[PDB]
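Listed next as structure tokens is one chain, alone, in the form deposited in one PDB entry.
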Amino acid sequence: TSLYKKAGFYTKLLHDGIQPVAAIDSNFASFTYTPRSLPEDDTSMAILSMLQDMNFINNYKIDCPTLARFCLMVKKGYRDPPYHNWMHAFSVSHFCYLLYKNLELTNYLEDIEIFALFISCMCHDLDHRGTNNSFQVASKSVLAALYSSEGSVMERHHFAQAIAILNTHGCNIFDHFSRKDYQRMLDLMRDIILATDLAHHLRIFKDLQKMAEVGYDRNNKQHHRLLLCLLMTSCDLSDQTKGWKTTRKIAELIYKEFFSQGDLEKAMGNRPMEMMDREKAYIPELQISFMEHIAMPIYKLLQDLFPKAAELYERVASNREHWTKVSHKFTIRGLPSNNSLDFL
């Protein structure tokens, strides 16, 4: 139940050819697209198509068989917990592509900062175990021994797995890069992946909110850092910007994952956080708190920096209103016996 499998320890992706984005879906480059609707078997092809459409394969002379290998490795690098799996990384990468297509990202960040955001989105949760940073420490895992004294245990592990993929035979997509440009990529990936820790978001919100108040700067080497942090978090929480049904399904997956951790903590004789205890958690209230405290403030800041991002904030606020309206038809704590929220 808390046991999540790793599948392991290519020609059919190139013999067919890289697909133009509209052949995947006419609505593929829209904020109304639901990347989770795409069959899992088609996602590797979609990543190639997005890189081809953002003109990253040509601008960096990436070897297509190597890119095909790297994408398959990154995909295989994910376990199967209910939420922190490959489909999550794929949908997060798709939102990065949507930000590129819809917001004028080049007018705010360097091209290398955008290509690193996409590759980081693909890698940001590699080898996630369906448990948070506190559980790593409590279970005295190999990852906590390695990174707990440094902070952000899982995030440092995700970055280490990405680097290990880049050091695998025929998977180094940055192999032709100069030593100066190979190192620039690694550094942006470390900071971008580390920004996915929500504890890091609580620490930089005061700086985020102030940058939104004063206003952004493009020649400023720093401003690009608080922005990369906000944009990475925007991709990570992008399921909140979709329809009510996506938000409902994501709540169902993240709480199924949280409650499995809770049950493991109880089995170790420890008391889990309220939100991870199936006997204490009230999903609608927890979802509304997360939307009010975490998600909405992020999308509101994104709107403050990019006017065209207003539709995203509006959808998050609308989804939160829907959760308040339906809480009446949700009287129980935890999840139903079938682990489904389809009844709402």
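We number the residues from 1 along the sequence you see. Residues that one form lacks are left out of the comparison. Each form is matched to the other, and the largest set of C-alpha atoms that superpose within 1.5 Å is called the rigid core.
Enquirer: How many residues that are in the deposited sequence but not in the model lie between residue 9 and residue 10: none, 1 to 3, 4 to 9, or 10 or more?
Expert: Missing residues, residue 9 to residue 10: 4 to 9.
Enquirer: Averaging only over Cα atoms, indicate whether 231-239 or 216-224 has the higher B-factor in the PDB entry.
Expert: That would be 216-224.
Enquirer: Test of understanding: from the entry's C-alpha B-factors, which stretch has the higher mean, 111-119 or 75-83?
Expert: Taking the mean C-alpha B-factor of 111-119 and of 75-83, the larger value falls to 111-119.
Enquirer: Among 276, 64, 302, 45, where is the Cα B factor highest in this entry?
Expert: 64 has the highest C-alpha B-factor of those listed.
Enquirer: Going by the CA temperature factor in the entry, name the top one among 59, 289, 34, 30.
Expert: The listed residue with the largest C-alpha B-factor is 59.
Enquirer: Please place residue 106 in the lowest, middle or highest third of its chain by C-alpha B factor as given in the entry.
Expert: For residue 106, whose C-alpha B-factor we compare with every modelled residue in the chain, the answer is the highest third.
Enquirer: How does residue 187 rank on Cα B-factor within its chain, lowest, middle or highest third?
Expert: Top third by C-alpha B-factor.
Enquirer: Tell me, lowest, middle or highest third: where does the Cα B factor of residue 173 rank within its chain?
Expert: For residue 173, the deposited C-alpha B-factor lands in the highest third.
Enquirer: Taking the C-alpha B-factors as the PDB entry records them, is residue 26 in the lowest, middle or highest third of its chain?
Expert: Ranked within chain, residue 26 CA B lands in the lowest tercile.
Enquirer: Which third, lowest, middle or highest, does the CA B-factor of residue 140 fall in along this chain?
Expert: For residue 140, the deposited C-alpha B-factor lands in the middle third.
Not on display, but discussed next: the form deposited in another entry.
Enquirer: Shifts of 2 Å or more at the CA atom, core superposed, between the shown form and the other one: which of the listed residues 72, 164, 146, 199 is the one?
Expert: Per the superposition, the moving residue is 146.
Enquirer: Is residue 129 among the residues whose Cα moves by 2 Å or more between the shown form and the other one after superposition of the rigid core?
Expert: Passes the 2 Å threshold, so yes.
Enquirer: For residue 46, does the CA position differ by 2 Å or more between the shown form and the other one when the superposition is done on the rigid core?
Expert: It does not reach a 2 Å shift.
Enquirer: Establish whether a shift of 2 Å or more occurs at the C-alpha of residue 293 between the shown form and the other one, with the two forms superposed on the rigid core.
Expert: Stays below the 2 Å threshold, so no.
Enquirer: Can you confirm the direction of the Cα distance change for residue 153 and residue 199 in the other form, closer or farther than in this form, given it is 3 Å or more?
Expert: Compared with the form shown here, the C-alpha atoms of residue 153 and residue 199 sit closer together in the other form, by 3 Å or more.
Enquirer: Compare the CA separation of residue 83 and residue 144 in the other form with the one in the displayed structure, and answer closer or farther (the difference is at least 3 Å).
Expert: Their C-alpha distance shrinks by at least 3 Å in the other form.
Enquirer: Once the rigid core is superposed, list every run of three or more consecutive common residues with all C-alpha shifts of 2 angstroms or more between the shown form and the other one, in sequence order.
Expert: Core-superposed, displaced stretches are 127-156, 264-268, 273-281.
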